[PDB]
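Chemist: got an experimental structure here, sequence first:
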Amino acid sequence: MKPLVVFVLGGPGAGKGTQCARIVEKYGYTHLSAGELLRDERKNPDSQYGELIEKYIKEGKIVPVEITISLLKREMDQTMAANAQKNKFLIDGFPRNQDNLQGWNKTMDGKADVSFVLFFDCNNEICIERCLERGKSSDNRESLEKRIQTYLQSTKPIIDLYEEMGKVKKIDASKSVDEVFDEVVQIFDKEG
């Protein structure tokens, strides 16, 4: 009964959301979205970390990663307490940079194993248009272009580190939802 974690990496528009939902359905992973857990903790009344988060906001300071790690760990402990068999976790929105990942490795050593990392990779333009189309059918180009470049700059040392561990599963995210999922099923049927 030790939690297994798969970090999902890729810029905005890389098809993370649709593949995560498919992995949850087929393999019974629990999907954790670090960005969502932080926003809910910030809003929810008398949340564990709501008033701490507001200190940082009032100060104009970054919310420390230690809070994000604590939220991810709490979600994993509650999932497994409620059902000892749901030991598999898909985490997106984390880690964003190598300092975040170092905080994870230092704090969660002996509490969780990172099985592998999914890297949804395709050219900037496909990612930019998916985000624009999504926005249209419900950011401008130059905002998305900037977020995609800073994200890939930020996560390159994370990718490099997991390559050295042999733990990167690179996906061609340029393909259609069903072809990307076929690549995902190959990885998850193998290790999973």
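Modeler: The structure has been received and is ready for your questions. Numbering: from 1, shown residues only.
Chemist: got the contact list for the closest residue to residue 154 other than its chain neighbours?
Modeler: Take residue 154 and drop its neighbours on the chain: the residue closest to it by CB to CB, 6 or more residues apart in numbering is residue 97, 4.7 Å away. (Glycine included, C-beta is placed from N, CA and C.) By CB atoms under 8 Å, 6 or more residues apart in numbering, the residues touching residue 97 are 154-155, 157-158.
Chemist: in helices, which of these appear?
Modeler: 154-155, 157-158 (DSSP state H).
Chemist: between these, which sits nearest residue 139?
Modeler: residue 154 (17.8 Å; CB to CB).
Chemist: the nearest residue to residue 12 once chain neighbours are set aside: neighbour count?
Modeler: In space, and not counting its chain neighbours, residue 12 is closest to residue 131: 5.2 Å by CB to CB, 6+ apart. Residue 131 is flanked by 20 other residues according to other CB atoms under 10 Å.
Chemist: residue 116 and residue 170 touch, don't they?
Modeler: No: the criterion here is CB atoms under 8 Å, and residue 116 misses it with residue 170 at 10.7 Å.
Chemist: so for this structure, the centremost residue is which one?
Modeler: residue 92 (1.1 Å; CA atoms, centre = their mean).
Chemist: my read: that residue touches residue 16, true?
Modeler: Yes: Residue 92 is within contact range of residue 16, at 5.4 Å (criterion: CB under 8 Å).
Chemist: re earlier: who's more crowded, residue 116 and residue 170?
Modeler: Using other CB under 10 Å, the more surrounded residue of residue 116 and residue 170 is residue 116, with 20 against 15.
Chemist: count the residues that sit near residue 133.
Modeler: For residue 133, the neighbour count with other CB under 10 Å is 11.
Chemist: from now on call the first residue 25
Modeler: Let's use 25 as the start, then, which means that last one is residue 157.
Chemist: helix or strand for it, which one?
Modeler: Per DSSP states H and E: residue 157 is located in helix 148-161.
Chemist: name the helices or strands packed onto that helix?
Modeler: With contacts taken as 3 or more CB pairs under 8 Å, 6 or more residues apart in numbering; DSSP states H and E, helix 148-161 sits against helix 165-188.
Chemist: so what secondary structure elements neighbour the helix it packs on?
Modeler: Applying 3+ CB pairs under 8 Å, 6+ apart, we find helix 165-188 packed against strand 28-33, helix 122-132, strand 137-145, helix 148-161.
Chemist: quick one: buried residues of that helix?
Modeler: Going by neighbour count (16 or more other CB atoms under 10 Å), the buried part of helix 165-188 is 168, 171-172, 175-176, 178-179, 182-183, 185-186.
Chemist: tilt between that helix and strand 28-33?
Modeler: Counting by axes from the mean of the first three to the mean of the last three CA atoms, to 10 degrees, helix 165-188 lies at 140 degrees to strand 28-33.
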